[PDB]
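K.L.:
Before we start, here is the structure in question, set down as structure tokens.
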Amino acid sequence: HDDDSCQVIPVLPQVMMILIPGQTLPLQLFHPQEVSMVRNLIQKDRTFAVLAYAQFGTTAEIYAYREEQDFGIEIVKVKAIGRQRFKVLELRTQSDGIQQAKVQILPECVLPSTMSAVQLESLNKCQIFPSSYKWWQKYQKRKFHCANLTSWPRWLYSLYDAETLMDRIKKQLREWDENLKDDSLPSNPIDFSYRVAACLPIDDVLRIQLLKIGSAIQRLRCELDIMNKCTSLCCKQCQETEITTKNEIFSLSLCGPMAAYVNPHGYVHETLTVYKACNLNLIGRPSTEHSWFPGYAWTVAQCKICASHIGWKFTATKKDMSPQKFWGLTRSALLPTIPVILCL
Amino acid sequence: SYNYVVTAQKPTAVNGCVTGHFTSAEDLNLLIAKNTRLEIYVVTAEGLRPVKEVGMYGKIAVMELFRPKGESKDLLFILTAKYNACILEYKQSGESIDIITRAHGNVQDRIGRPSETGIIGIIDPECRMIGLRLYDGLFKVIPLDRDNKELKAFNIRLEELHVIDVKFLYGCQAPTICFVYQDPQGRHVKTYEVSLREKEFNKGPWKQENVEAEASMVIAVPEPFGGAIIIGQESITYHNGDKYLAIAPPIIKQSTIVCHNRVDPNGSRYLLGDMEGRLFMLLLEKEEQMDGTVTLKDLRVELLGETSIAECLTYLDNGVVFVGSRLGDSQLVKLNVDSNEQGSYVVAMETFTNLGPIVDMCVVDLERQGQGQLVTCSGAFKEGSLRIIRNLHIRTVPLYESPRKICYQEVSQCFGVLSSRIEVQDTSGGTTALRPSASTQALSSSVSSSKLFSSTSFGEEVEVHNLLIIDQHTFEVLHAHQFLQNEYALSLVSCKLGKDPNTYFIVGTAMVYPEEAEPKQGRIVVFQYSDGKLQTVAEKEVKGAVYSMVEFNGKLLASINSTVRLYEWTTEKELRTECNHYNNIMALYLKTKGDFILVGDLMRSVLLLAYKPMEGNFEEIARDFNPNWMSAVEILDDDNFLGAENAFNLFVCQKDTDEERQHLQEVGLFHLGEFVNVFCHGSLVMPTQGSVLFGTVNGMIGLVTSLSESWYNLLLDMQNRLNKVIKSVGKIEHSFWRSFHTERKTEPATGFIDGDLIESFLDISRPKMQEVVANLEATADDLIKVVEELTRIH
Amino acid sequence: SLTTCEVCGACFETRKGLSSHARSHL
Ligand SMILES: CCN1C[C@H](Oc2ccc3c(c2)CN([C@H]2CCC(=O)NC2=O)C3=O)CC[C@@H]1C
Ligand SMILES: [Zn+2]
Ligand SMILES: [Zn+2]
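Set out below in structure tokens:
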């Protein structure tokens, strides 16, 4: 039906992002080619293709549709969410310019418990777990008790157990944002993986590899690897300027560490709040207009080597505030590095 | 590729046992279930009389005897793992025995969430319906009143979505089920009435607001007293409307009760068994009142002795209890009257072989007769053992200790086995063991001393890993090297290395600590057993887990986490890195045929490498990533590779521009029905090509051999032809049985020929023998010759 | 005003410099 199936979906021509499933994209359609497209789309499935350049991408489902004729042109304003990754097969460019795409739906491998086949029948009843850290030593003794019947030990079976992985990820996430450790993140592995990938400070090529990973467990196991191996963040361009390091990430507000903020011109800036940054030159004089973190004053910050924008250096206006100097670094500019292969 | 799989040893583990009146209404039968094997006995005052044992095309999941209104004898209800339900009746014509299928049907529901606690089959006390809990949120009801040959059922909706265990209640006015669910608020007990008329649930007689939180067992007490018993971790509570009694026996706090069998039909004595082999006796003390009505006075728990880790239990008669066992041997125990010298009123009285679980094996021609026996690490905990299998005769060496990995050092005339002892942290600050094991009872004993790596409850269990050097003739535990603390051994191999002439014992380990999730340090160790003493011929502290090691052309190929490292043996007796290959998967499995290297990973992550000789480094040949749980893997030839995956499923992949040459395509699928733990090249005997033996969790031992393309085609026809004549035990189609089944998706089999079917042509009638060979022209007598060569393989 | 960067907000003294910054964003 849908998984591992070859469909054709139209392509928003002006697009490029690596759309991680579950992310949302705002959209403003001016040219009549794309306006007639979304018109057909919302009449039909309203799922279009976000080409992730190259031969991959993610289908995006329109969930908000608004035509607000303004400035004497039929502007259609839409919002979509990312559903399923895909590998392109054939791109056919229509006469209108709207490109159509034969598409192979990438896989989302749902997998049973590692102990589903070895679980002893008598032991099947004593499984449902009754609703600190000794709990996880006990969790591991119980769930993987039947591992003694196999040729591998319990602690290996835990390195592939979705529930154990998701907690290891969520604990490290807690060092960045001491905050909601519950509804904040999802409960299904398939969603929890795609959520972690969209709120990690990773570059587009790491996103793209997590997106190509088939099973949600392999995707978690890798997300855990990135959080353990790629602990130094560098300049994406000159690739020779360590900016910050994993232990300096915090979360100034309750919205995350690397939340997404909007400048007064609609540019979005996943900005990873860190405590200390290095090898950054400050461009201009501090300002507080449109300051995303009220009470701090922003100063543009670029690389000391290639002068490529990295973020801002936010300064405490008052004296009560703590911290007083932090730095905001846009995700676009960073690149994770291992101070060695990422595994799955 | 095209392969032939044949069973070389039926499963040996018992996974259920029922006492009733299947065969005639006048004799007590004991029926036993061993995965795909139903054994039918008669309980004689001496012991057991074998009657008939039959093979279903499924995995016996539910097995229950019942007798609905209008029946000379008891009938048997069988539900398999692929949801094949069937009702069986016994029917023998003087000398002609046949298990007739009175009812069949597939209770599978297209939509459903498979329940955690699994498939539960229950039958009304008055045999008025058959309740199934296959999925969460639902309760299939096969109505038993009147002939339901097709097993028509309705699925009643159940509000509680987390049922632990359910049983039909006795003394019911109307069909009542008592069940135990978990809520956000806890674990509770409730009852419903199954209105067949309205095909829905109706409120029941009683309900318990909150009952112990590890409550796992519901036992329906027969009509004399009536109600249900809720066995838990610490307590055992009885519930019946008004009445409620609850005890917390001291003795039961040490383990968890997992099986239960009613002793008297009355319901005053129940047998209980735990997970450490102890056998308890639940006595319900009755009250003989003047109005007739009987009141539970008290619940008494008494310890009777120790048996085999018992999967199921059943009282037969005259004090004989059958202990069906999955970790160790099954047995018949005589419960005596008087406490024996130690208190055990249990006295072992007959043991049956259980080769399961089979965690490792090796093939060895010890009698130097060009034949080949088979030693297996078998069992777990107290039931650890080495079984030696020759053409089939089985010599059991107990170990009272879990064997994990086995290899054979021919030079030394002994076996290397890696074994694990369970010890409890006690008051001295150390750990005492709890039974004398092979390690504790060896004759020589080394402990490690590396200092390489520097580093609570008084009942917490610890593991003690040690290498055993076992003599190939007496099977004595000669040496017992005990490894480091917080050290887990993983891999063991006996090979001569380098130019050195000594054969050695190479053991790869991995340092484990409760916090370190990923293993970040280990060590390869080299041993030598040549003067009754284990000598450590240097070590090599690696930075990870040595999951697998194989000798590689006088070298040593170790996997350390995601790295396939090649080592050489240096003149001064030390390992040295030649080359390194870092992977993106955890190198769990390491197989090698000459210069080809196979790498594997739990989630079917195959990966073929090759050590380019003059270059002195590995190059990748191909990969294939089809995620699913993989448990064992092996090389058939340079191109075809075999492994086992998820729900008892074999598979073979194969290598072939170049974007295509770096990928292995699947060329064989098969529901074996067993859980394969080790593949092992070799025969037990001495046309068809190859010989790969495998052992499983259920003690099943099996054979894979590769065919020629013609032979596959021919046997394939013979398969279908045979499926017409050979009748199934549940009316289960062979092709459904064998189709690759995963909870996720089920696909039809390929590349595999079921020899066990192909071999039954020798056992069918000479008339029917002609019905199958018809228009192949080939006569019956040609084909009898064919199979007969095929029998000459196991 | 004609010297502020739309993307990061940097206000240069000269337009001919804000153009050199404009490179740095791709
Ligand atoms: C001075 C004249 N000029 C002022 C404004 O120019 C801007 C253009 C872009 C950005 C900002 C101002 C502020 N800013 C960030 C900084 C960090 C933060 O905390 N919050 C933000 O919004 C931008 O990225 C609007 C247009 C007029 C002409
Ligand atoms: Zn730079
Ligand atoms: Zn800018």
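Just so you know, the sequences run in chain order A, B and C. Going letter by letter, the first sequence gives residues 73 to 125, 133 to 210, 220 to 427, 438 to 442 in the authors' numbering. Going letter by letter, the second sequence gives residues 2 to 392, 710 to 773, 780 to 980, 985 to 1014, 1023 to 1112, 1123 to 1140 in the authors' numbering. The authors' numbering applies: residue 868 is where the third sequence begins, and numbers increase by one. Virtual Cβ for every residue (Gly too), placed ideally from N, Cα, C.
Got a sec? Which residues, its chain only, sit under 8 Å from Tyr828 (chain B) by beta carbon, not counting five neighbours each side?
P.N.:
Position 504 of the second sequence holds residue 828 (chain B). For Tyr828 (chain B), where only same-chain residues beyond five positions count, the Cβ hits under 8 Å are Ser818, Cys819, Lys820, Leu821, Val850, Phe851, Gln852, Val861.
K.L.:
Answer yes or no: do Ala26 (chain B) and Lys74 (chain B) have a C-beta to C-beta separation smaller than 7 Å?
P.N.:
Along the second sequence, one-based indexing puts residue 26 (chain B) at 25. Along the second sequence, one-based indexing puts residue 74 (chain B) at 73. In contact: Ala26 (chain B) and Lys74 (chain B) (Cβ atoms closer than 7 Å).
K.L.:
What does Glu842 (chain B) reach in chain A if we use C-beta pairs closer than 7 Å?
P.N.:
Taking the second sequence and counting its residues from 1, the one referred to as residue 842 (chain B) is at position 518. Ordered by position in chain A, the residues that pass the 7 Å Cβ test against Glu842 (chain B) are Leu247.
K.L.:
Of all Cβ atoms in chain B, is any one closer than 7 Å to the Cβ of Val189 (chain A)?
P.N.:
What you label residue 189 (chain A) is simply residue 110 of the first sequence in a count that begins at 1. Closer than 7 Å to some Cβ of chain B, the Cβ of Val189 (chain A) qualifies, so yes.
K.L.:
Count the other CB atoms within 10 Å of the CB of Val350 (chain A); is the residue buried (16 or more) or exposed (fewer)?
P.N.:
Translated into positions along the first sequence, residue 350 (chain A) becomes position 262. Result: exposed.
K.L.:
So the candidates are B:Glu896, B:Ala869, B:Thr895; which of them puts its Cα closest to the Cα of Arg889 (chain B)?
P.N.:
Numbered from its first residue, the second sequence carries residue 889 (chain B) at position 565. The shortest C-alpha separation from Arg889 (chain B) is found at B:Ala869.
K.L.:
Using the beta carbon as the reference atom, which residues fall closer than 6 Å to any heavy atom of ligand 3, ordered along the chain?
P.N.:
So the residues near ligand 3 by this Cβ test are A:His397, C:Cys872, C:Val874, C:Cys875, C:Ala877, C:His888, C:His892.
K.L.:
Could you list the residues in the region 402-419 of chain A with a C-beta less than 9 Å from some C-beta on chain C, going in chain order?
P.N.:
Listed by position along the chain: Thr418.
K.L.:
Any idea which residues DSSP pairs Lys92 (chain B) with across the strands?
P.N.:
The residue you call residue 92 (chain B) lines up with position 91 of the second sequence. Paired residue(s): B:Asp99.
K.L.:
Using the beta-carbon count (16 or more within 10 Å), is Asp313 (chain A) buried or exposed?
P.N.:
The residue labelled residue 313 (chain A) in the question sits at position 225 within the first sequence. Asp313 (chain A) should be labelled buried.
K.L.:
Between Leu300 (chain B) and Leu280 (chain B), which are expected to be in contact by the criterion C-beta below 8 Å, what is the C-beta distance as a whole number of angstroms?
P.N.:
Counting from 1 along the second sequence, the entry for residue 300 (chain B) is found at position 299. Counting from 1 along the second sequence, the entry for residue 280 (chain B) is found at position 279. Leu300 (chain B) to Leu280 (chain B), Cβ: 17 Å. No contact.
K.L.:
Which of helix, strand or coil does DSSP assign to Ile1130 (chain B)?
P.N.:
The residue labelled residue 1130 (chain B) in the question sits at position 784 within the second sequence. Of the three classes helix, strand and coil, the one that applies to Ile1130 (chain B) here is helix, per DSSP.
K.L.:
Please give me, in chain order, every unbroken run of the beta strand (DSSP E) with length at least 3 that falls completely inside the region 8-72 of chain B.
P.N.:
Runs of the beta strand (DSSP E) inside the region 8-72 of chain B: 18-21, 30-34, 39-44, 49-55, 61-67.
K.L.:
Buried or exposed for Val334 (chain B), going by 16 or more other Cβ atoms inside 10 Å?
P.N.:
The sequence position of residue 334 (chain B) within the second sequence is 333, counting from 1. Buried: at least 16 other Cβ atoms inside 10 Å.
K.L.:
What does DSSP give as the partner residues of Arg283 (chain A) in its beta bridges?
P.N.:
Walking along the first sequence from the start, residue 283 (chain A) turns up at place 195. Note: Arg283 (chain A) sits in no beta bridge, so no partner.
K.L.:
Is the shortest distance between the beta-carbon of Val122 (chain A) and the beta-carbons of chain C less than 7 Å?
P.N.:
Here residue 122 (chain A) is taken as the residue at index 50 of the first sequence, counted from 1. Closer than 7 Å: no.
K.L.:
Would you say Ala877 (chain C) faces chain A, with C-beta separation under 7 Å as the test?
P.N.:
The count along the third sequence starts at 1 and reaches residue 877 (chain C) at position 10. Yes, its Cβ sits closer than 7 Å to a Cβ of chain A.
K.L.:
Please list, in chain order, the chain C residues whose beta carbon lies closer than 9 Å to that of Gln390 (chain A).
P.N.:
As a working mapping, residue 390 (chain A) is identified with position 302 in the first sequence. Those are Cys875, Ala877, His888, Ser891, listed as they occur along chain C.
K.L.:
From the DSSP output, read off the bridge partner residues of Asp408 (chain A).
P.N.:
Residue mapping note: residue 408 (chain A) aligns to position 320 of the first sequence, counting from 1. None; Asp408 (chain A) has no bridge partner.
K.L.:
Between B:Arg68, B:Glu127, B:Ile1089, B:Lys153, which has its C-alpha nearest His105 (chain B)'s C-alpha?
P.N.:
The residue given as residue 105 (chain B) occupies position 104 in the second sequence. Answer by Cα proximity: B:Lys153.
K.L.:
Kindly list the residues whose CB is nearer than 6 Å to the CB of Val765 (chain B), restricted to its own chain and excluding five residues on each side of it in sequence; keep chain order.
P.N.:
The residue labelled residue 765 (chain B) in the question sits at position 447 within the second sequence. For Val765 (chain B), where only same-chain residues beyond five positions count, the Cβ hits under 6 Å are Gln806.
K.L.:
Let me check you understand the geometry: is the CB of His378 (chain A) closer than 6 Å to at least one non-hydrogen atom of ligand 1?
P.N.:
Walking along the first sequence from the start, residue 378 (chain A) turns up at place 290. Because some heavy atom of ligand 1 lies under 6 Å away, the Cβ of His378 (chain A) counts as near it: yes.
K.L.:
Can you pull the chain A neighbours of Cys260 (chain B), defined as C-beta to C-beta under 9 Å?
P.N.:
By 1-based counting over the second sequence, the position of residue 260 (chain B) is 259. Going along chain A in sequence order, the residues near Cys260 (chain B) (Cβ under 9 Å) are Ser201.
K.L.:
Pick out the complete beta strand (DSSP E) segments inside the region 268-341 of chain B, 3 residues or longer, and give them in chain order.
P.N.:
For the region 268-341 of chain B, whole beta strand (DSSP E) runs of length 3 or above, ordered along the chain, are 270-274, 279-286, 299-307, 313-318, 321-325, 331-336.
K.L.:
Report the three-state DSSP secondary structure of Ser818 (chain B) (helix, strand or coil).
P.N.:
As a first step, residue 818 (chain B) is located in the second sequence; it is residue number 494 there, counting from the start. The answer is strand: DSSP assigns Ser818 (chain B) an E or B state.
K.L.:
In this structure, what does DSSP give as the bridge partners for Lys166 (chain A)?
P.N.:
As a first step, residue 166 (chain A) must be located in the first sequence, where it is residue number 87. Bridge partners of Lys166 (chain A): A:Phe135, A:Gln183.
K.L.:
Please report the straight-line C-alpha distance between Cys234 (chain A) and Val195 (chain B), rounded to a whole angstrom.
P.N.:
Along the first sequence, one-based indexing puts residue 234 (chain A) at 146. Along the second sequence, one-based indexing puts residue 195 (chain B) at 194. Looking at the two C-alpha atoms, the distance is approximately 35 Å.
K.L.:
CB of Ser868 (chain C) to nearest heavy atom of ligand 1: below 6 Å?
P.N.:
Start at 1 with the first residue of the third sequence, and residue 868 (chain C) comes out as number 1. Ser868 (chain C) Cβ: within cutoff of ligand 1.
K.L.:
Taking 7 Å as the threshold (beta carbon to beta carbon), is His397 (chain A) in contact with chain C?
P.N.:
Here residue 397 (chain A) refers to the residue found at position 309 of the first sequence. Taking Cβ atoms only, chain C reaches closer than 7 Å to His397 (chain A), which makes this a yes.
K.L.:
Based on the DSSP secondary-structure assignment, which residues constitute the bridge partners of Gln759 (chain B)?
P.N.:
Sequence index remark: in the second sequence, residue 759 (chain B) carries index 441 (1-based). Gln759 (chain B) pairs with nothing; no bridge assigned.
K.L.:
Bridge partners for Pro98 (chain A) per DSSP, in chain order?
P.N.:
The residue labelled residue 98 (chain A) in the question sits at position 26 within the first sequence. According to DSSP, which records beta bridges pairwise, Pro98 (chain A) is partnered with A:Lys158.
K.L.:
Given a cut-off of 7 Å on the beta-carbon distance, is the pair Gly325 (chain B) and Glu307 (chain B) in contact?
P.N.:
For this step, residue 325 (chain B) is matched to residue 324 along the second sequence. For this step, residue 307 (chain B) is matched to residue 306 along the second sequence. Result no, Cβ atoms of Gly325 (chain B) and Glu307 (chain B) do not sit closer than 7 Å.
K.L.:
Is the region 171-183 of chain B in contact with the region 115-135 of chain B, if contact means three or more CB pairs nearer than 8 Å?
P.N.:
Contact holds: three or more Cβ-Cβ distances are below 8 Å.
K.L.:
Name the residues in the region 228-244 of chain A whose C-beta lies less than 7 Å from a C-beta of chain B; which are they?
P.N.:
Listed by position, the residues of the region 228-244 of chain A near chain B (Cβ gap below 7 Å) are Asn236, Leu237, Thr238, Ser239, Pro241, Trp243.
K.L.:
Exposed or buried, which one is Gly228 (chain B) when buried takes at least 16 other CB atoms within 10 Å?
P.N.:
Indexing the second sequence from 1 puts residue 228 (chain B) at position 227. Flag for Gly228 (chain B) reads buried.
K.L.:
Can you round the beta-carbon distance between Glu312 (chain B) and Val15 (chain B) to whole angstroms, since I take them to be within the 8 Å contact cut?
P.N.:
Within the second sequence, the letter at position 311 stands for residue 312 (chain B). Within the second sequence, the letter at position 14 stands for residue 15 (chain B). Correct: roughly 6 Å between the Cβ atoms.
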